[PDB]
Structures are given as structure tokens and as C-alpha cells.
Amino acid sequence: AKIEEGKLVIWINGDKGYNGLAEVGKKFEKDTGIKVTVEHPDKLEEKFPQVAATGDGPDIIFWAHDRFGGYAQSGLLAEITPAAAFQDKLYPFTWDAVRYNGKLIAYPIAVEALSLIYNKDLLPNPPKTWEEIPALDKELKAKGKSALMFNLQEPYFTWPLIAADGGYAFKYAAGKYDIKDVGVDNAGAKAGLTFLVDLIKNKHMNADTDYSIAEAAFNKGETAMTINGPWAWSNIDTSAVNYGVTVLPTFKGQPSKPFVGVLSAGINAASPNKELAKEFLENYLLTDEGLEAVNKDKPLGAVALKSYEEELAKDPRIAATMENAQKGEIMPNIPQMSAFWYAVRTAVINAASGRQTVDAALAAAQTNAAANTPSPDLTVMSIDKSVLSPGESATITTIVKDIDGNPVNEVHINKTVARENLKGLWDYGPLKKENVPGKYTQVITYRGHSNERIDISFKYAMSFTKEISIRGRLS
């Protein structure tokens, strides 16, 4: 778990070839004596910024490149400066993905795009268009099958459809992304989303479909199609299914336009093992043998390493991946990407479920994606009472504001309570959103039993913290 001199800790997502990566680690250990521990914590991409600067992260973090600009802006990443000879071993466009403010911030590993994955026995002539899928589903349902299942809970999987007829994240102009010019609520985006929503209302898909439901349904031969990336191919191979990987369907005659990720490896700026990390990545992983070991576990996609990619490129599944990639767009790496994703995630889910209209959902995503970040300097937190007797209550009031002093309407707040002794009895109300932007309250009732101090910390937007204390006394 712990970062220490002389050992390497690596975090990679649980859908990737972590076992194969650990094999590369074993080889490094054999040669160097340096143990390499590969972990796949949930929410690693959220945890990393919280722990990296405060002494508790991995030495190396793997994620798609979209997360890395935010990390770099915060100073969390070592600058990557490989020799020209090494740089020349990887595709130039992959280095571009991991460049932030003129500096290389990670090593590129592999290029990922979603494709249409289809069952050749059920559906050897997969549809050209999205909009026929409902009629197709009707046909399949009459023989115990469904047309299509994919993960509706992650916006990555729905974006290609939202983008097909013109939806965009941030407008690109004059050498940069305009962080206030968000394209999620344009005509093209509302449509794509509407379409999905109609698929649902018409009982072709289920709003609750997640990664595991879709994977199981495809791999068991129950659904004719899924939308997934190269990492998914291994489990399909394990199954009995004869599958193809192809171009995503069109929408309004336009290609679906997936957001393309470059799986990337960053080095923690606070690591005492930066040089070892670089050696591991450059000399062990980013080799034919190293990438093969990871790929054999879960396929990587179109790898960044030219020598190995030249071999993979022959695979029709890879050719299809690259085709879909070329029809989409390489994700920005800017800090605002997470805000964009969080916003779109909420809009797809809310709409799919009919908890809001498409017009409304997407209008709101636009606001939230473009929102300023909370400022520690202007955010307020107080409690009305710092000592409680049994039966007394204290209320926390917090008001979250940006750098300009303007409220931030939607904010992630993580509450943590530190307890002196675990002997006192306490009741916590919900964190209540009040009827003005940025304002939340929480009621805490001391019920006695034992004297106990508690310290309540609110972490805002997975960044800064404010804290209050309560002394519970029996008298």
C-alpha cells in the first residue's frame, strides 16, 4: 500500500491488465531487487489528487490522459523528459495527448476508442444506423434476445451518440479550449440524447443497464451488440461467443464520435522513487515484451510503441478501434474535463430515467460543466455551538463560493467525522441543500452517554477542507 524509498507502488484501473502489468513488475524486481506492487483501487483517479501531495499515493498512476491536466495544474506530476531516441519510439500524437502547458506530464501507453461489438451468430450484418436499432430489437425480442446493451451509467459510453450530430465538450479556438464555451446542449447533443431516451421509453434498453449487466448479457449470447473498448475482448474470448468489432452506427448519417483516450502513466512528483519509476516505464513496460505481457491479460488497444503497434495493426479489431478513433476526437487534458464528465454523467442518468427532460438535463450540464471551482479563500463554514450538553443540537452552515465570491451551485462535499473515543452518542441529520446556491446545513444532536469531542471536516470538490469541533459534555 505505502510509498517508500526502494519500492514501487502502481495504481491502474481494474478493467485493465493489472495482472500482466504485475508480471512486468516481477521482471523488474528480479533484475533490481525493487518490489513492484500493482493495485487497482476503486476511484483511483479521484483518490490520487487527494493523497499524492499529502504523502500517500502511488509512485505511478495509470489513467486515460484526460485526467492529467488537472493533476499537472496542481503540481502533482513529475515532468517527463525522455531522450529523443526514446521519444521517437512512440507515435507523436500520443505525446501530444500527454503535453500540458508545454511540458510532457506522463508516458503514453495505448490508444483507446469504443467500438461496436457484435455477435456474428445472432447478427452477422450489424446495423449501419442507430435509429433502426429499435425495430431490430423488436425482431430479436421475438426470439429471446435483445439488440443492444451497454453501460449507461458512465457518460464515456453515451458520448459517441451525443457527439454524432454535433455535441461537443469545450470549443477549441486560438490554440486553446474555451472553458466557458460548452457544447453539450446544442441541437446535435439534445437529439443524440433524445434518441437514447426514446430507445429506453420504448423498452429497447433499460435505464439501469451498467457495465456488468451489459458484459454478462453479451458474453452469455443474450444481446446481439455491445459498445466497449479493447480491454473487454479477453472476457469475450473466454465466453462461447463469435464476435466482431466494427464501426459504431451512424446517427443522422453522421459517424458516432467517441472521445478517444490515451492510457497514460504519470509519476508522482512527491515520489522518492522517480528515477526507478522512469526506468520501469521506459526500460521494462514500454518494450515489445512489456506491452505484450499487459496485452495478453487485457488488450490495450492501439499501443503507443510503434514497434509493437506495427504487429497489432494487422488485427481487424485494432483496425476497427483505429477507425472509430479517427471518427472521434482525442480528449482534452484540461483540468475542466472532470467537471465536464460529472455533468454529462448526471444529465444522461437523469434523462434516461425520466427524472428530467433532455432539454433540461443538457441545459443544466452546460451550466455545471462551465462552473468555476470552489475557492478555499471565499468559502464559509461555521457551527453555531462548539460545546453541547445532552439533548442539545448544533448546526453547521457552509456557503461555497468561487474565487470571485460567487456561489457555486453544485458542489461535492465529503463529510468526515473524527472521533475522540467512540463512546458518545450522536445523531446526524442529512447534509441539507438550502434554497439558495452554494448553501448547505447539517444538524448534529449530542445524546450523551459519555463525554466526547468530535471534529467534523468538510472537503470541497475533492480539494480544500474546512473543519469545526464539538465538545460533547454530560453536565
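One-based numbering along the sequence shown.
S.K.: Higher average CA B factor in the deposited record is what I'm after, so tell me if that's 225-233 or 313-321.
M.R.: Mean CA B-factor is higher for 313-321.
S.K.: Give the stretch, out of 455-463 and 13-21, with the larger mean C-alpha temperature factor in the deposited entry.
M.R.: Higher mean C-alpha B-factor in the PDB entry: 455-463.
S.K.: Going by the CA temperature factor in the entry, name the top one among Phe280, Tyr177, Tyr342, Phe93.
M.R.: In the PDB entry, the greatest C-alpha B-factor among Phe280, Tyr177, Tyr342, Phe93 is found at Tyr177.
S.K.: Have a look at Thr209, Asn125, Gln73, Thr287 and flag the one whose Cα has the highest B-factor in the entry.
M.R.: Each of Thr209, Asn125, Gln73, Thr287 was compared by C-alpha B-factor; the highest is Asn125.
S.K.: Relative to the other modelled residues in the chain, which third contains the C-alpha temperature factor of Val98: lowest, middle or highest?
M.R.: For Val98, the deposited C-alpha B-factor lands in the lowest third.
S.K.: Where does the C-alpha B-factor of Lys35 rank in its chain, lowest, middle or highest third?
M.R.: Its C-alpha B-factor, which the entry lists for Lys35, ranks in the highest third among residues of this chain.
S.K.: Sorting the chain's modelled residues by C-alpha B-factor, tell me whether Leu425 ends up in the lowest, middle or highest third.
M.R.: Ranked within chain, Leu425 CA B lands in the middle tercile.
S.K.: Is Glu410 in the lowest, middle or highest third of its chain when residues are ranked by C-alpha B-factor?
M.R.: Highest third - that is where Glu410 ends up once the chain's C-alpha B-factors are sorted.
S.K.: Lowest, middle or highest third: where is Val241 by C-alpha B factor in its chain?
M.R.: Within its chain, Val241 is a middle-third residue by C-alpha B-factor, going by the deposited values.
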